[PDB]
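Q: coordinates only, sequence not included:
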């Protein structure tokens, strides 16, 4: 019965570390989406500015 | 406590599904926008050279 006390509790606790891990991964997805969209934006900004000045 | 734990697993897993869908769709915006802005500034390049060539022919006129 001791294992059953642990099993229900560890499983309940495990879901807790899993839902926390999933929330940390969605925060890292938001930060990578931030970096990839500003990556494309700053790519275009720098490329057009430099190529503009050079061919001017 | 069982209800809290498995509801949190389901709602966090659909939160990560919507977050990864937003990653793919904002990367779709990012590379579509990359192609668009890149070709847009090459036609604005050709606009700049057209303007200067036209004012040169105005000069010789």
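A: Structure received. Numbering: from 1, shown residues only, chains lettered A, B, ... in the order given.
Q: residue 50: neighbour count?
A: Picking chain A for this. 10 (other CB atoms under 10 Å in any protein chain shown). All C-beta atoms are positioned from the backbone trio N, CA, C, and that covers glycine.
Q: I was after chain B.
A: Residue B:50: 10 neighbours (other CB under 10 Å).
Q: return the distance of it relative to residue B:43.
A: Residue B:50 is 10 Å from residue B:43, where distance means CB to CB, to the nearest Å.
Q: equivalent analysis for residue B:9, please.
A: For residue B:9, the distance to residue B:43 equals 51 Å [CB to CB].
Q: of these two, who's got more company?
A: Set residue B:9 next to residue B:43 and count neighbours by other CB under 10 Å: residue B:9 wins out with 16 against 8.
Q: now the more buried one: which helix or strand?
A: For residue B:9, the host element (DSSP states H and E) is helix B:2-60.
Q: that helix near chain A at all?
A: Yes: judged by CB under 8 Å from any CB of the partner chain, helix B:2-60 and chain A are in contact via B:2, B:5-6, B:8-9, B:12-13, B:15-16, B:19-20, B:22-23, B:26-27, B:29-31, B:33-34, B:37-38, B:41, B:44-45, B:48-49.
Q: list buried residues within those residues.
A: The neighbour-count test (16 or more other CB atoms under 10 Å in any protein chain shown) applied to these identifies B:5, B:8-9, B:12, B:15-16, B:19, B:23, B:26-27, B:30, B:33-34, B:37, B:41 as buried.
Q: now, among the residues you listed, which is nearest to residue A:30?
A: For these, the residue nearest residue A:30 by CB to CB is residue B:19; the value is 6.7 Å.
Q: and the closest one, what is it in contact with?
A: Residues near residue B:19 by CB atoms under 8 Å, 6 or more residues apart in numbering or on different chains: A:26, A:29-30.
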